[PDB]
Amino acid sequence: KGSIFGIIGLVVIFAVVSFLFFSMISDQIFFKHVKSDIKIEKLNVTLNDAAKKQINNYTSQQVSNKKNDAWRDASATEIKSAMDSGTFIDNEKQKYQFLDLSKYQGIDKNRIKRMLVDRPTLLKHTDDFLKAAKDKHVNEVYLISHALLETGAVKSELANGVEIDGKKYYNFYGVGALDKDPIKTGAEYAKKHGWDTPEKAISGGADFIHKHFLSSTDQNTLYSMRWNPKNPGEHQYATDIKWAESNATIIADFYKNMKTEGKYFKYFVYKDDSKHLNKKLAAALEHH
């Protein structure tokens, strides 16, 4: 018959079971904050003298015009705004110009799997990507998003294997794939490195990404790859002045779709900013 104490017993079970239900969906609703480890590197060059060295000696700084069909030389003011590292600090998306792309962060495996939901070939090898990002010292978000863009329409067909004689070779980072023929040149490169299995293509490409683009500690972040603040204008990875900003938006949006944020950052401080910094730290830490 009808009872009132049985209701209390079940309202109790309802609160408990609904607590564990919410405790397992909390990953996909609430922002996960990460304590940041920021390396601050003081520089001897001033921002003016670094801008001077970008303006004249190389002068290969390109800009897409309003037509977005041809490249032109960048202005002196356009180069100044693109390389002012102080403006990008309080920016939500552009703070990832300073993300150390060589430090494996260790993001939850289920967060990464939720991003590759529409890429079954990359979702099958999520474990190989994370094992490679940690063994080959590459940021897993950068390693994944690079494999996402380097396995596009015609390039994902290279990620599933190209039949060459009696073997099928895989390439998940589009490496060695020239614009003349992406599938052919990409599969020929994977055949010379013995990438006959997908796992070999994952680790070897992540090994290639670290040894070819993350070699120097002075150029770990997107900013230092583009502007090389320890040697301005020289060993720079791109000519487009928006290159560091365009890649950071790709990185930042990848982090936002996972409801988390980056951890390891490395910011380079020009000489003009390094005067009032060391005095403020000693002031804000010692109190007599």
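Residue indices: 1-based, along the sequence shown.
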statement: Higher avg CA temperature factor (223-231 vs 59-67, as deposited) belongs to 59-67
- prompt: Higher mean Cα B-factor in the deposited model: 174-182 or 113-121?
  reply: 174-182
query: Taking the values straight from the PDB record, which of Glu92, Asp100, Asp207, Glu188 has the highest C-alpha temperature factor?
result: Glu188
- request: Specify which of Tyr169, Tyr142, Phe88, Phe213 carries the largest Cα B factor in the deposited PDB entry.
  value: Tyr169
query: Considering only modelled residues of the same chain, in which third does the CA B-factor of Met24 rank: lowest, middle or highest?
result: middle
field: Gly152 CA temperature factor, ranked by third within the chain
entry: middle
- prompt: Taking the C-alpha B-factors as the PDB entry records them, is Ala133 in the lowest, middle or highest third of its chain?
  reply: lowest
task: Divide the modelled residues of the chain into thirds by Cα B-factor and specify which third, lowest, middle or highest, holds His146.
output: lowest
query: Going by what the PDB entry lists, where does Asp73 fall on CA B-factor within its chain: lowest, middle or highest third?
result: middle
